[PDB]
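> Quick one: experimental structure and sequence below.
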Amino acid sequence: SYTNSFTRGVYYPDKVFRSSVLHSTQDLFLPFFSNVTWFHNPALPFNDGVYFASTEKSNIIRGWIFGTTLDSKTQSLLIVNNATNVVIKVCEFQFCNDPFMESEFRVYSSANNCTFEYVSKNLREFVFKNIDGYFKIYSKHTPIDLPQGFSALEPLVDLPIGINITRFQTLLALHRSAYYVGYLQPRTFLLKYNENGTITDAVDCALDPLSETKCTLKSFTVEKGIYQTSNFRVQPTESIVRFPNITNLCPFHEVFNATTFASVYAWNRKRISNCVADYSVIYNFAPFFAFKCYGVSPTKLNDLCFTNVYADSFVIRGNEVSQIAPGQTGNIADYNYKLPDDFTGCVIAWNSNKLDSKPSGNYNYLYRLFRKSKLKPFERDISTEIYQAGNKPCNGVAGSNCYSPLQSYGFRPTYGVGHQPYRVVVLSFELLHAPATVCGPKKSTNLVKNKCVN
Amino acid sequence: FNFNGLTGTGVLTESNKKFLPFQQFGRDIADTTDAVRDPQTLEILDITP
Ligand SMILES: *[C@@H]1O[C@H](CO)[C@@H](O[C@@H]2O[C@H](CO)[C@@H](O)[C@H](O)[C@H]2NC(C)=O)[C@H](O)[C@H]1NC(C)=O
Ligand SMILES: *[C@@H]1O[C@H](CO)[C@@H](O[C@@H]2O[C@H](CO)[C@@H](O)[C@H](O)[C@H]2NC(C)=O)[C@H](O)[C@H]1NC(C)=O
Ligand SMILES: *[C@@H]1O[C@H](CO)[C@@H](O)[C@H](O)[C@H]1NC(C)=O
Ligand SMILES: *[C@@H]1O[C@H](CO)[C@@H](O)[C@H](O)[C@H]1NC(C)=O
Ligand SMILES: *[C@@H]1O[C@H](CO)[C@@H](O)[C@H](O)[C@H]1NC(C)=O
Ligand SMILES: *[C@@H]1O[C@H](CO)[C@@H](O)[C@H](O)[C@H]1NC(C)=O
Ligand SMILES: *[C@@H]1O[C@H](CO)[C@@H](O)[C@H](O)[C@H]1NC(C)=O
């Protein structure tokens, strides 16, 4: 069941005396005329303070239990009252999921690591809040479903615990021989102070236009007139981002697809202009035996862009693809094609055995294996001078200790995986200084009308 | 004077107001401290400039 508070859950925001002074405050209060649960018990939330009333000439309500997990592995508070007196306690517990002669206390079964102890009809209201490691408790004491009236709640306790709280419960005395739960929100109120300094009335500056007027004037009696109280501002929904086309899509279908690629020693470099780049055609293109991005995210490619992108091409052997990578060594990544150590593109390679290999040999794909000095990052060399290994001049003729540096793959169809010709296309990304350059396409947010928002 | 945190200057005088038994100091309209309670003896004293 649910019930309606009327004007309930007002507490003194702090010390400091005070008299007749319609004083205005901003704090966490229980709004007037609220929807308070009814109970005749389970784990509730906390989320921001709690109002809590109860009624009974006997004492069935015997304290609460607080915390995040209400068990071990994290700390919690426990506030109890046997027929003797209150027992605050802070340990790590093990709480019964339903915790509750005159013999009693099946509440918990563990009291480890205690970091705080303490020992020593009717309507009993309480306000519990928890700010900056302090757990504040206000309470009242007014004797006769709730009724209707005003009664401000006076501070009781202050505990410098540090505990986190997300949940709480209640404790009841069984049979062997009614309570409510509100929540608190940040409101602004206008409290009327007596001449002795007690709060006798209040106004919930956030209810009906009358209360907002009382709040604006800082009073409990408004005289006839007309008062400006606030403002009305329509609200905008969604954010429509308009922009221009970009048609010219990445001419990627001209580099991946040409009838012939170039050999490794003299690779082809086709540089991309300023357009829109669609990688959805390559990502869903083919088997792609190897596809490793290093700098940019392969799954979010459509969200970044840079000034200029570069696309290289060559044809390397099978077991040498593992040398097209930042920081490798071998006959391929030292004399023919070296990648810098701050690479930012994406290397991709797929099998091309049935296209670039013919029977009886295919001697049209070369690779240089003799160079006097290792290659610096991103340099291309097309020299064909005789590499001279010994000490005798040879003036440019093949023979002894003077070898020709260009040799050709013997590509044939009856090879094992690791010697079949593979095609490679290495992309590189770069942002020097240009503000608006080649960039990926997005979604043209439709344009709406007769609706303000953004 | 310094009253457990309240730092100020002025003449202190015996009061005849009555706080509630959890209130430490009193304030005026326009928000200036004008009364305190002595922590040890628990009596209210006015603070005039
Ligand atoms: C690369 O070129 C080949 C043709 O040499 C393209 O293959 C065509 O694919 C389309 C769609 O499946 C077919 O309608 C054509 O008949 C194919 N061509 C031939 C000659 O059969 C291939 O699509 C091209 N790559 C890209 C990305 O466009
Ligand atoms: C703080 O301590 C002082 C003493 O150090 C307390 O003063 C006592 O007050 C009572 C009045 O109830 C007198 O009967 C005692 O004779 C006082 N003692 C001395 C040594 O003067 C004072 O009460 C304490 N503060 C509080 C709030 O109790
Ligand atoms: C309280 O909220 C519940 C949520 O469904 C609603 O059913 C009920 O009518 C509300 N009570 C009041 C008094 O508005
Ligand atoms: C009441 O409960 C507390 C909880 O630990 C306990 O310490 C105290 O002894 C109990 N009262 C009596 C009379 O045993
Ligand atoms: C809390 O209790 C557990 C189990 O008793 C123990 O392992 C742990 O050391 C205790 N915490 C501290 C700070 O000692
Ligand atoms: C309380 O829980 C939050 C979880 O978001 C955590 O970040 C915070 O540190 C906890 N409180 C303390 C005092 O550690
Ligand atoms: C409290 O207030 C009442 C009415 O406002 C007044 O008559 C009384 O003198 C004040 N002081 C008390 C009861 O000590």
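In hand now; what should we look at? Residues are numbered from 1 along each chain as shown, chains lettered A, B, ... in the order given. Ligands and ions are numbered 1, 2, ... in the order given.
> which ones are touching residue A:67?
Listed by Cβ atoms under 8 Å, 6 or more residues apart in numbering or on different chains, the contact partners of residue A:67 are A:74, A:75, A:76, A:77, A:163, A:164, A:165, A:166, A:167, A:168. C-betas here are computed from N, CA, C, even on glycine.
> Now rank those by neighbours and give me the top one.
In terms of neighbours by other Cβ atoms under 10 Å in any protein chain shown, the contacts of residue A:67 top out with residue A:76 at 25 neighbours.
> I'd assumed residue A:46 was in contact with that residue.
No: counting by Cβ atoms under 8 Å, residue A:76 sits too far from residue A:46 to count as a contact (11.7 Å).
> Overlap of the contact sets of the two?
residue A:66.
> any chance of the contacts of residue A:67 in a markdown table, with distance to residue A:290 and secondary structure too?
Formatted as a markdown table, those follow (distance: Cβ to Cβ, whole Å; DSSP: H, G, I helix; E, B strand; the rest coil):
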| residue | distance to residue A:290 | secondary structure |
| --- | --- | --- |
| A:74 | 48 | coil |
| A:75 | 53 | coil |
| A:76 | 55 | strand |
| A:77 | 59 | strand |
| A:163 | 54 | coil |
| A:164 | 49 | coil |
| A:165 | 54 | coil |
| A:166 | 49 | coil |
| A:167 | 52 | strand |
| A:168 | 57 | strand |
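> Pick out whichever of the residues you listed sits closest to chain B.
residue A:77 (22.0 Å; Cβ to the nearest Cβ).
> Show me the beta-bridge partners of the spatially most central residue of chain B.
Among the residues of chain B, residue B:36 comes closest to the average C-alpha position under Cα atoms, centre = their mean, at 1.3 Å. When bridges are taken as DSSP bridges, the partners of residue B:36 come out as residue B:25, residue B:45.
> my guess is it meets residue B:45, correct?
Yes: the pair residue B:36 / residue B:45 is scored as a contact, 5.6 Å apart, by Cβ under 8 Å.
> which residues touch the residue nearest to the centre of chain B?
B:3, B:6, B:24, B:25, B:26, B:44, B:45, B:47.
> Would you tell me which one of these comes nearest to residue A:374?
Checking the contacts of residue B:36 against residue A:374 by Cβ to Cβ gives residue B:6 as the nearest, at 77.7 Å.
> Would you check that the closest one makes contact with residue B:27?
No: using Cβ under 8 Å, residue B:6 makes no contact with residue B:27, being 11.1 Å away.
> And the contacts of stretch A:290-302?
A:279-280, A:283, A:304, A:321, A:325-326, A:343-350, A:429, A:440-442.
> what does stretch A:416-429 give?
If you take Cβ under 8 Å, 6+ apart as the criterion, stretch A:416-429 is touched by A:255-256, A:261, A:289, A:295-296, A:306, A:309-319, A:321, A:324, A:339, A:343-353, A:356-357, A:362, A:365, A:409, A:411.
> In chain B, which residue sits closest to ligand 4?
In chain B, the residue found nearest to ligand 4 is residue B:22; the distance is 26.7 Å by Cβ to the nearest ligand atom.
> neighbouring strands for the helix or strand hosting residue A:92, and are they parallel or not?
Assessed by DSSP states H and E, residue A:92 sits inside strand A:86-95. Strand pairing for strand A:86-95, determined by DSSP bridges: strand A:76-81 (antiparallel), strand A:108-117 (antiparallel).
> Of those, which is nearest ligand 3?
Across the strands paired with strand A:86-95, closest to ligand 3 is strand A:76-81 (Cβ to the nearest ligand atom), at 28.2 Å.
> hang on, the earlier thing: just the buried residues from the contacts of stretch A:416-429, in ChimeraX please.
Provided next is the ChimeraX selection string for whichever of these are buried by 16 or more other Cβ atoms under 10 Å in any protein chain shown:
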select /A:255,256,261,306,309,311,312,313,314,315,316,317,318,321,324,339,343,344,345,346,347,348,349,350,351,352,353,356,357,362,365,409,411
